[PDB]
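Next comes protein_6.cif, with mmCIF, C-alpha atoms and all ligand atoms.
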```cif
data_run
loop_
_atom_site.label_atom_id
_atom_site.label_comp_id
_atom_site.auth_asym_id
_atom_site.auth_seq_id
_atom_site.Cartn_x
_atom_site.Cartn_y
_atom_site.Cartn_z
CA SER A 1856 26.86 -51.74 -27.78
CA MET A 1857 25.55 -51.29 -31.34
CA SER A 1858 22.87 -53.96 -31.97
CA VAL A 1859 23.67 -55.65 -28.63
CA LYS A 1860 20.87 -55.01 -26.17
CA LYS A 1861 20.74 -55.70 -22.45
CA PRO A 1862 17.34 -57.12 -21.35
CA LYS A 1863 14.91 -54.22 -20.85
CA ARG A 1864 13.70 -53.51 -17.31
CA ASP A 1865 9.96 -52.64 -17.44
CA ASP A 1866 9.66 -48.91 -16.73
CA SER A 1867 5.99 -48.48 -17.68
CA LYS A 1868 4.82 -47.96 -14.09
CA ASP A 1869 7.69 -45.68 -13.00
CA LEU A 1870 5.77 -42.41 -13.39
CA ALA A 1871 2.81 -43.66 -11.35
CA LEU A 1872 5.04 -45.14 -8.65
CA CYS A 1873 7.18 -42.00 -8.28
CA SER A 1874 3.95 -40.01 -8.00
CA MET A 1875 2.73 -42.32 -5.22
CA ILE A 1876 6.04 -42.00 -3.34
CA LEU A 1877 5.91 -38.22 -3.67
CA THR A 1878 2.33 -38.20 -2.32
CA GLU A 1879 3.50 -40.19 0.68
CA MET A 1880 6.29 -37.66 1.26
CA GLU A 1881 3.93 -34.70 0.82
CA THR A 1882 1.60 -36.06 3.55
CA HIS A 1883 4.31 -36.98 6.11
CA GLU A 1884 3.92 -34.81 9.23
CA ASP A 1885 7.62 -33.83 9.05
CA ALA A 1886 7.32 -32.63 5.43
CA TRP A 1887 6.44 -29.04 6.38
CA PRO A 1888 9.92 -27.57 5.80
CA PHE A 1889 9.99 -28.97 2.26
CA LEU A 1890 6.52 -28.35 0.81
CA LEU A 1891 7.36 -25.01 -0.87
CA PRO A 1892 10.53 -23.25 -2.08
CA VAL A 1893 12.54 -21.48 0.64
CA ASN A 1894 11.82 -17.75 0.43
CA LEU A 1895 15.12 -16.37 -0.87
CA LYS A 1896 14.08 -12.84 0.01
CA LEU A 1897 13.34 -13.66 3.66
CA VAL A 1898 16.05 -16.17 4.56
CA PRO A 1899 19.56 -14.64 4.87
CA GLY A 1900 22.35 -16.67 3.29
CA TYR A 1901 20.17 -19.20 1.47
CA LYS A 1902 20.46 -17.83 -2.05
CA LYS A 1903 24.27 -17.53 -1.90
CA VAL A 1904 24.98 -20.80 -0.08
CA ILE A 1905 22.48 -23.23 -1.70
CA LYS A 1906 23.31 -23.32 -5.40
CA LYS A 1907 20.41 -25.57 -6.46
CA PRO A 1908 17.29 -25.05 -4.30
CA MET A 1909 14.69 -27.84 -4.53
CA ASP A 1910 11.40 -28.61 -2.76
CA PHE A 1911 8.46 -31.02 -3.03
CA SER A 1912 6.12 -28.63 -4.90
CA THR A 1913 8.82 -28.07 -7.53
CA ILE A 1914 9.40 -31.83 -7.88
CA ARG A 1915 5.63 -32.33 -8.24
CA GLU A 1916 5.43 -29.72 -11.03
CA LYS A 1917 8.37 -31.30 -12.87
CA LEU A 1918 6.87 -34.79 -12.49
CA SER A 1919 3.49 -33.57 -13.77
CA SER A 1920 5.00 -31.89 -16.84
CA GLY A 1921 7.37 -34.55 -18.20
CA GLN A 1922 10.57 -32.96 -16.94
CA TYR A 1923 12.09 -36.16 -15.47
CA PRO A 1924 13.54 -38.28 -18.26
CA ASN A 1925 13.75 -41.30 -15.92
CA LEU A 1926 13.27 -42.42 -12.32
CA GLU A 1927 16.90 -41.75 -11.39
CA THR A 1928 16.62 -38.05 -12.25
CA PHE A 1929 13.55 -37.95 -9.96
CA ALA A 1930 15.52 -39.56 -7.11
CA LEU A 1931 18.34 -37.03 -7.62
CA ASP A 1932 15.96 -34.09 -7.01
CA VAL A 1933 14.42 -35.73 -3.92
CA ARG A 1934 17.88 -36.34 -2.45
CA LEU A 1935 18.86 -32.75 -3.31
CA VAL A 1936 16.10 -31.51 -0.99
CA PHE A 1937 17.70 -33.41 1.90
CA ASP A 1938 21.26 -32.58 0.92
CA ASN A 1939 20.39 -28.86 0.89
CA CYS A 1940 18.73 -29.26 4.29
CA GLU A 1941 21.86 -30.82 5.79
CA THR A 1942 24.05 -28.06 4.39
CA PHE A 1943 22.00 -25.26 5.92
CA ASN A 1944 20.67 -26.75 9.17
CA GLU A 1945 22.23 -28.18 12.31
CA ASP A 1946 21.45 -31.89 12.82
CA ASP A 1947 19.99 -31.00 16.23
CA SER A 1948 17.37 -28.52 15.06
CA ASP A 1949 13.72 -29.13 14.15
CA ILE A 1950 14.29 -28.70 10.40
CA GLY A 1951 17.54 -30.68 10.58
CA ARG A 1952 15.88 -33.66 12.28
CA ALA A 1953 12.95 -33.41 9.83
CA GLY A 1954 15.34 -33.70 6.90
CA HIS A 1955 17.06 -36.78 8.30
CA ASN A 1956 13.66 -38.40 9.03
CA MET A 1957 12.31 -37.64 5.56
CA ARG A 1958 15.44 -38.96 3.83
CA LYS A 1959 15.16 -42.24 5.77
CA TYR A 1960 11.46 -42.41 4.90
CA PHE A 1961 12.15 -41.83 1.20
CA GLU A 1962 14.98 -44.30 0.82
CA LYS A 1963 12.96 -47.20 2.27
CA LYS A 1964 10.07 -46.45 -0.12
CA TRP A 1965 12.59 -46.24 -2.94
CA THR A 1966 14.20 -49.57 -2.16
CA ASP A 1967 10.93 -51.36 -1.46
CA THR A 1968 9.38 -50.04 -4.67
CA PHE A 1969 12.20 -50.41 -7.19
CA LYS A 1970 14.84 -52.69 -5.66
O1 LIG B 1 16.83 -25.28 5.15
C1 LIG B 1 15.48 -24.90 5.18
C2 LIG B 1 14.50 -25.72 4.63
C3 LIG B 1 13.16 -25.32 4.67
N1 LIG B 1 12.78 -24.15 5.22
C4 LIG B 1 13.74 -23.31 5.77
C5 LIG B 1 13.32 -22.07 6.36
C6 LIG B 1 14.27 -21.22 6.92
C7 LIG B 1 15.62 -21.59 6.91
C8 LIG B 1 16.03 -22.79 6.34
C9 LIG B 1 15.06 -23.66 5.76
#
```

structure tokens encoding of this file:
Amino acid sequence: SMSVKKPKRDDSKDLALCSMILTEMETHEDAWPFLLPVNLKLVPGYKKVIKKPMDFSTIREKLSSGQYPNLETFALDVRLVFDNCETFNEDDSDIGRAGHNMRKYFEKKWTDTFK
């Protein structure tokens, strides 16, 4: 509360570390469904069903332009990519399995890096 501060976790390397994690996700062989925005003009249903589209290139642009106020807002967008994927794809489909794999990949990097 006012004039009562909790000890400050060092966040000086957060930007660099999130960038490294994102690079690792960008270069994963199962990242191909998530590299660019889904084409809303070519994929029936996507625009109406998925209220907040998100993809790696969009996360990269936001990270590079100071649009994440902290590391948790970055993690929220990454998870949104995989949440959208689960909403729109069957678990037993190529894209569906890719999403599950990528989420697992991300969360271990996240824990190992920050927890
Ligand atoms: O859910 C998806 C993620 C990435 N690409 C997609 C392409 C077509 C239909 C769904 C997709």

Which one is closest to residue 1909 (chain A): A:1897, A:1936, A:1930, A:1890? Count all atoms listed in the file.
A:1936

Identify, counting only C-alpha atoms and all ligand atoms, the protein, DNA and RNA residues located within 10 Å of ligand LIG 1 (chain B), and give them as a PyMOL selection string.
chain A and resi 1886-1895+1897-1901+1905+1908-1910+1936-1945+1950-1951+1953-1954

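For the atom pair formed by CA of residue 1907 (chain A) and CA of residue 1879 (chain A), the distance is 23.5 Å, given to one decimal.
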
Hey, which of A:1869, A:1932, A:1949, A:1885 ends up closest to residue 1911 (chain A)? Count only C-alpha atoms.
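Nearest to residue 1911 (chain A): A:1932.
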
What does the distance between CA of residue 1902 (chain A) and CA of residue 1917 (chain A) come to in Å, to one decimal place?
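Computing it gives 21.1 Å between the two atoms.
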